[PDB]
**Q** 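What follows is a single structure, and I will ask about it in a moment.
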2 protein chains.
Amino acid sequence: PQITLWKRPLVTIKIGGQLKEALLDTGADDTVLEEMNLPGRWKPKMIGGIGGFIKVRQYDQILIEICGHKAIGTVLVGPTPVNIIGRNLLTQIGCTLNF
Amino acid sequence: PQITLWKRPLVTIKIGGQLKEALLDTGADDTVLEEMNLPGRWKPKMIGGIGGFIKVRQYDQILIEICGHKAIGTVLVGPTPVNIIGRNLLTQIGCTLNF
Ligand SMILES: CC(C)CN(C[C@@H](O)[C@H](Cc1ccccc1)NC(=O)O[C@H]1CO[C@H]2OCC[C@H]21)S(=O)(=O)c1ccc2c(c1)OCO2
């Protein structure tokens, strides 16, 4: 599909057995999801943006379905105000910028 | 152009007659540039990111050329970690997400 940018590019994702709304974010190196209790091991991480840094938990090899397109990679979980799909997964679903 | 996302979508911009590098950021509503000098009046404003809120200088109706495409709109100047082009200008250059 083609998504115009008049409004936030929010799409439905499926992760850890839950459906959620998330931003397709070309400005995000990594994928950052709102606090959720995923099972398995994780490693602490800090990611910075406008306003400073937040502490997140890094989970590896997590399956995510983005608008019906399957992907698997690293997912960060922490106190983000918005679910953010980063480039690590956008590449896997064939997402491109076009103008 | 069609831009894949295996690297950061960084592009050259021209603003105030000066060239800079900026990130095409579909997760940003607004355009936020690092500290710089711009002519004209500005208003103090607040913007929030993943880590909190920062004070910025809002410049309205600013000419800015992005990868050879012209836009005229609001530019926020403040302590952002990187120059980001937000949807307010991405729409003006006809940018869309595609997968
Ligand atoms: C600032 C850029 C370089 C990085 N950010 C991605 C942005 O898309 C961010 C994603 C974002 C969106 C909404 C709330 C919090 C983060 N948007 C943002 O800060 O935009 C601000 C400017 O316009 C306004 O509209 C949105 C907030 C304002 S981010 O959220 O802090 C971020 C995401 C994944 C990351 C990372 C940083 O480091 C490595 O992995």
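Labels below follow one simple rule: chain letters A, B, ... track the order of the sequence lines, proteins then strands, and each chain is numbered from 1. What's counted below: heavy atoms across the whole structure, side chains too, no hydrogens, waters or symmetry copies. Start at 1 and go down the list; that is how both ligands and their atoms are numbered.
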**Q** Side chain to side chain donor-acceptor pair (under 3.5 Å) between A:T74 and A:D60: does it pass, once the steps are laid out?
**A** CA-CA 4 Å; A:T74 297; A:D60 298 322; 3.1 Å; yes
**Q** If we ignore hydrogens and angles and just use 3.5 Å, is the side chain of A:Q92 paired with the main-chain N or O of A:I72 as donor and acceptor?
**A**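 Checked: pair present.
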**Q** Could you list, one pair per line, each nitrogen or oxygen of ligand 1 together with any protein nitrogen or oxygen closer than 3.5 Å, giving atom names and the distance rounded to 0.1 Å?
**A**
from, atom 1, to, atom 2, distance (Å)
ligand 1, 8 (O), A:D25, OD1, 2.8
ligand 1, 8 (O), A:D25, OD2, 2.4
ligand 1, 8 (O), B:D25, OD1, 2.5
ligand 1, 8 (O), B:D25, OD2, 3.4
ligand 1, 17 (N), B:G27, O, 3.0
ligand 1, 23 (O), B:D29, N, 3.2
ligand 1, 23 (O), B:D30, N, 3.1
ligand 1, 25 (O), B:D29, N, 2.8
ligand 1, 25 (O), B:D29, OD2, 3.2
ligand 1, 40 (O), A:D30, N, 3.2
ligand 1, 40 (O), A:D30, OD2, 2.8

**Q** Under 3.5 Å, side chain of A:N83 to main-chain N/O of A:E21, donor-acceptor pair present?
**A**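 Side chain of A:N83 to backbone of A:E21, a donor-acceptor pair under 3.5 Å: yes, one is there.
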**Q** Scan A:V75, A:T80, A:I47, A:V77 and name whichever one has a side-chain contact (heavy atoms from CB on, under 4.5 Å) with A:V56.
**A**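 Per the side-chain contact (heavy atoms from CB on, under 4.5 Å) rule, the option paired with A:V56 is A:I47, out of A:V75, A:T80, A:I47, A:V77.
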**Q** Is it the case that the side chains of A:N98 and B:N98 hold a donor-acceptor pair, with the cut-off being a distance below 3.5 Å and no angle test?
**A**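 A:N98 and B:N98 do have a side-chain donor-acceptor pair below 3.5 Å.
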**Q** Measure the CZ-CG distance between B:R57 and B:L76 for me, rounded to the nearest 0.5 Å.
**A**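 Result: 10.5 Å between the selected atoms.
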